[PDB]
Structure formats: C-alpha cells, structure tokens
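Given as structure tokens, the chain that follows is alone and in the form deposited in one PDB entry.
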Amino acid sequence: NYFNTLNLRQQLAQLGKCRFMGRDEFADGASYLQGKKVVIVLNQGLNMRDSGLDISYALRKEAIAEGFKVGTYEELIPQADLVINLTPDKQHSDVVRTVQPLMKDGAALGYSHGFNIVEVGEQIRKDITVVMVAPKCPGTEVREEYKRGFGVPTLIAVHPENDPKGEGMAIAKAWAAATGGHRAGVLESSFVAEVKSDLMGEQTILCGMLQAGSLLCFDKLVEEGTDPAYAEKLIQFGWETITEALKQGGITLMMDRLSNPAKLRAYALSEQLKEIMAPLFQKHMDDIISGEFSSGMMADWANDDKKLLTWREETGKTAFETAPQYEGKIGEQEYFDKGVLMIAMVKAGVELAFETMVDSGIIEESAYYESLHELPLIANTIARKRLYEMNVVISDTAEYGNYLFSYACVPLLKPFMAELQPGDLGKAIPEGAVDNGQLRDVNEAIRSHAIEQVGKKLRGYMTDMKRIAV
C-alpha cells in the first residue's frame, strides 16, 4: 500500500538500506533519551531501565481495571516523548489511531516492525517522529543477553515521511543502545527493507521451510519403518542440532559436519530442492513486493482470521504434532548423519530465500539476517514443543505466512520425497572415499556462495563486538 505508492527508484532506494554501524557511532548510548519519558504500549523496558531510562507501560483500560508506573493511555501518552508501541500487527491501526490524538507535539512514535507503516500504509501526524528498533530474535534472548552484559544484533530505521525535527536517528540509536543492541551490532536499515525481507524470511525458510520440512521428513520416516516415537524425536530436536553448526559457521560448517560422501549427497539434494522450490520462493517474494500478500492476509484479518485458524487446526492434527516422543537419548552427530535431507533442506531454503531477496533489491547484509541468522533461534523453539511452540512464539502474521507457504510446499515436494534413496533421511551414509576433484569443487562452491561470504564477514563483526566485554 505505502510501498506501492513509491516508484522503482524510490522503492530500490529504501529496499537496499542496511549498513553495519561502527562502534564509534554509539559514543552516547541512551543519552538522547535521558530524562525523557518513554511509554511502551517487558523484554525491552526491563533492559532499557538498567540503561537509565524512564520506562512506563500503558496497559489497556479494561486491563488496568481487573516495577514501572503502569498507568494508562491518556494517563501517560500526553507527556510521553517516545511511545514505543509493541502491539500485534492486526491491531496497530486501532492503537495508533487512538494513541496519536493523545500524543503531545514533537513526540516520537516507536515501532518494532514496519508492517503498519509500509503495508497498511498508516498515516502519522506530520509532527510525530516515526522510528523503529527491531532486535534479531524470535523470543526473549534480548533481555537474557542483556543480563550477560551483552545483547542481540538489532536493526534501526526512521520513516522519512515523519522526521520533523530531523532527530529520528538520535532517538533510534538511543533506544537501540538502551536495549544493548550496540553491544552486538546495530543495522541501519529502513521500514521498507525491514518489512519485505522480514516477511520473506519468516514465511519461506525461518518458519515456512521448518514446518513443511518437519511434516515431510517425519511422515516419510514413518512410511519407511522407523519407530514414530524415535522419528518424531529426530525431527523435533534435529533442526536445532544441525542449525547450531549453521549458527557457528554458516552453511559451510553445517555441511562439514557430514562425511564426505554424505555431504556430496546432501549437496546434490540441496541443488534439487532449489530447482523444485525456486518458483514458489519467488512467488512468495513477488507477492510480498506487489503487496498482494499483505492485502490478502488483511482480508483474513477482517474475516475473523478464518484461514489463519483453519490452518492452525490441521497443523495441530498432524501425525508429527500428535506423535509419541522417544525416551532414549540421541547423539549430536546422530542428528546430522541421519538428517542428510534435513541439512539439504536448510541449505536450499536458506540459499533460495537469500537469493530471491537479493534479486528483489534487498542488500545481502540484510538478506543474510532474514534467511540464516535467525534460523537457529527458531529451530530452538521446535526443539522445545514441536511446531506448536513455533506458531506461538512468532506473530500471527508469521504463522499466517508459514501456513500459506508450507501448505503449498508440502504437496509440491510429494514426488521428490517419493524418490529419496537410502541414506537421505533416517539411515546414515558411511564415510568413504570420494572423487578428489568433486570434493574439492563442491567444498568450494559451498563456501563460495554469496551468503557464506557475507555471513562470514557479518559473523566476524558480531564477534569482535562480543570481544569487547571489558
């Protein structure tokens, strides 16, 4: 909607904003927010307090009728310098359409995600400064990391249309610092870049790939013997185990945890998935860009979330979701060795998401964070309570997206599955000799990928930031 009012050059200009900000740029912290009253509409407030800010949660009237000054809207919004609205996507219009009137002049509005501004096309009072601070973590590891004296990497942005006194960045950086983001790393992006990539990631590989992949591997393991109790155990904690290597060294390291002959097959499966799934990944990115996605989901918002719930149904009534969990323990290496197709699905999904985004004007640095960086964290979720936990930790917009994709992906891959060879999923592939040349050329192609190169450079930064704990 708002994105669609821009032209190619203007969309591209915004679509490609994402710079890793230096440590010299945060030589102030939450300074610009010192003294000023900050009204949130926990994760962050708790952290910001320890930074020296005046946090105050403004709960709903009905809620505040049945350690911060938990007051209300009119009882806080007026003298508020920065209203950090963190309500669900489906209700931003209302919240913002009731909070603005109460907001004083020269105040700033705070967003966590840019769906309202960009997709819904919300109109904010020309004197209100609109900004955004979104930490890279599906859960609450932001507050946790804050305790360890460190923090999670975060993205900041300031809507051009609403930068009255030109103090958007000052507030943004201040807010980010208060959350500890400057400790890990802050990405100077934009509302448009954040929304398109975010939607792409979550529905295509961060959650979309993991749901379809879980319901495809489990179901397959069962069709091929395998004790469902044991199966479900592999699928539930697998993603997490292989993705932990992914977190430590990218796709490169993840592939190296396999035996050379295993790896090669994994690479082979990887390339085949990308061949099959490419069109779907594209369709998803294209619909996000054209605004066809947002438009469609919103139709469900006004239709009682029918689709969003109907899919909740089937999801909860799936073999995997409703299956016994093996009691015995499974070795770490066992999840790799037995999860060749899973590793292959990760590589293909990560690479395809990355590539599709970059082909749509999104900068690599940005695409990296939305197609690989958070993949681990979301995996940890399933490794706690199957898909259920995932579709609970993530927003409804994410879940809606995941279903939209996964319920299309699964069928698409039915034939492919019906062709798996022994060793692909379930039984391990024995280490052995392999063509020296093929091993060399394949190992190179992997670490040579655009996401492995930037992922390295980016992981290298976020590391030097953790070095500084003095």
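For every residue, the number given is its place in the sequence shown, counted from 1. C-alpha atoms forming the largest set that superposes within 1.5 Å between two forms make up the rigid core.
Visitor: Missing residues between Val41 and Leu42 in the deposited sequence, please: none, 1 to 3, 4 to 9, or 10 or more.
Guide: Unmodelled stretch: 4 to 9 residues.
Visitor: Select one of none, 1 to 3, 4 to 9, or 10 or more to describe the deposited residues without coordinates separating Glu444 and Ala445.
Guide: The entry has no unmodelled residues between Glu444 and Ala445.
Visitor: Read off the CA B-factors in the entry, average them over 117 to 125 and over 271 to 279, and name the higher stretch.
Guide: Comparing averages over the C-alpha atoms only gives 117 to 125.
Visitor: When the C-alpha temperature factors are averaged for each of 459 to 467 and 2 to 10, which stretch ends up with the higher value in the entry?
Guide: 459 to 467 has the higher mean C-alpha B-factor.
Visitor: Taking the Cα B-factors listed in the entry, which of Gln333, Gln248, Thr140, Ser197 comes out highest?
Guide: Comparing C-alpha B-factors across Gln333, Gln248, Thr140, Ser197, the top value belongs to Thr140.
Visitor: Name the residue from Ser51, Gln421, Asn402, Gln438 with the greatest C-alpha temperature factor listed in the entry.
Guide: Each of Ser51, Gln421, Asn402, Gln438 was compared by C-alpha B-factor; the highest is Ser51.
Visitor: Taking the values exactly as deposited, rank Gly291 by C-alpha B-factor within its chain and report the matching third: lowest, middle or highest.
Guide: For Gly291, whose C-alpha B-factor we compare with every modelled residue in the chain, the answer is the lowest third.
Visitor: Looking at the entry's B-factor column for C-alpha atoms only, identify whether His449 ranks in the lowest, middle or highest third of its chain.
Guide: According to the entry, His449 has a C-alpha B-factor in the chain's lowest third.
Visitor: Against its chain's modelled residues, does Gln79's Cα B factor rank lowest, middle or highest third?
Guide: CA B-factor rank for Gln79: highest third.
Visitor: Which third of the chain does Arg97 land in by C-alpha B-factor: lowest, middle or highest?
Guide: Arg97: CA B-factor falls in the highest third of its chain.
Visitor: Hey, what third does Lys263 fall into on Cα B-factor, ranked over its chain?
Guide: It falls in the bottom third of the chain.
FYI, the form deposited in another entry isn't displayed, but the following is about it.
Visitor: Once you align the rigid core, which of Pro261, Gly139, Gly121, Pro160 turns out to move its Cα at least 2 Å between this form and the one not shown?
Guide: After core superposition, the one over threshold is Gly139.
Visitor: 2 Å or more on the CA of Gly149 between this form and the one not shown, with the rigid core superposed, yes or no?
Guide: Superposed on the core, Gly149 moves its C-alpha 2 Å or more between this form and the one not shown.
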